[PDB]
């Protein structure tokens, strides 16, 4: 019927083009079915809405397993902050990156905080290598998940290279670190936010983008167009992101699904539900870089 004129202009909009002629038909049947969900959910009147982003393309299971499950995996050991924080305005957030079908988000999450903290310490905003952390961190399982701390603690001890030195390939390989000469930057340590504490997390955002984790495999998450996300997500976190800010109702989240998802790649997640886990279990495991 109708919808074909839309689907066409939607592929068109997201530089999607398909393998067979038969996928374009599967993709459509999916598209149309995600459209129904979208449209039937944006009648519930909540603080956020779904929309046809880069994942209307995809059934939820498809989506589930190519874009979530970046963590893990599965050691040792007077709050008064701004009303709002958006680190992007202070010039310390690089443009959104697309992680692709790779569960690299643990690496992405880590770099988007390292990239930040050096500008928060050096004045100077660069883009470093996810691919490196990907290839080289031996504690992580590569494109099938990893550990933000592991990454952050690799840069603290070893360091990291510029994006265009060790560029992203969306596929794990050899550790070509030693082949790219001197590290581009190196951080001085890692800290952890007191988990299941919001004010703790808020506070640590106040100073520097924190690397947090959440349950990203909900259907409402994949089709998230905009608004303040309030659920329903659970708690079985499975995706690593960087909280580059907040405001009195939300925590501002930067994501790795490119600028075609969410609010241009961001998602403001509802905050202060007295839920200790934080919405989507956001408070369960949060870390930030240190630099002097």
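Positions refer to the first chain, counted from 1.
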{"property": "Unmodelled stretch of the deposited sequence separating residue 74 from residue 75, binned as none, 1 to 3, 4 to 9 or 10 or more", "result": "4 to 9"}
{"property": "Deposited residues omitted from coordinates between residue 77 and residue 78, as a class", "result": "4 to 9"}
{"property": "Mean C-alpha B-factor comparison - 187-195 and 106-114, higher one", "result": "187-195"}
{"property": "Mean Cα B-factor comparison, 251-259 or 53-61, giving the higher one as deposited", "result": "53-61"}
{"property": "C-alpha B-factor winner, where the candidates are 96, 81, 155, 217", "result": "81"}
{"property": "Top residue by Cα temperature factor, when 208, 222, 140, 211 are compared in the entry", "result": "140"}
{"property": "Chain-wide C-alpha B factor ranking for residue 19, given as lowest, middle or highest third", "result": "highest"}
{"property": "Ranked against its chain, the third holding the CA B-factor of residue 13", "result": "highest"}
{"property": "Entry-reported Cα temperature factor of residue 238, expressed as the chain third it lands in", "result": "lowest"}
{"property": "Among modelled residues of the same chain, the CA temperature factor third for residue 181", "result": "highest"}
{"property": "Third of the chain, ranked by Cα B-factor, where residue 163 sits", "result": "lowest"}
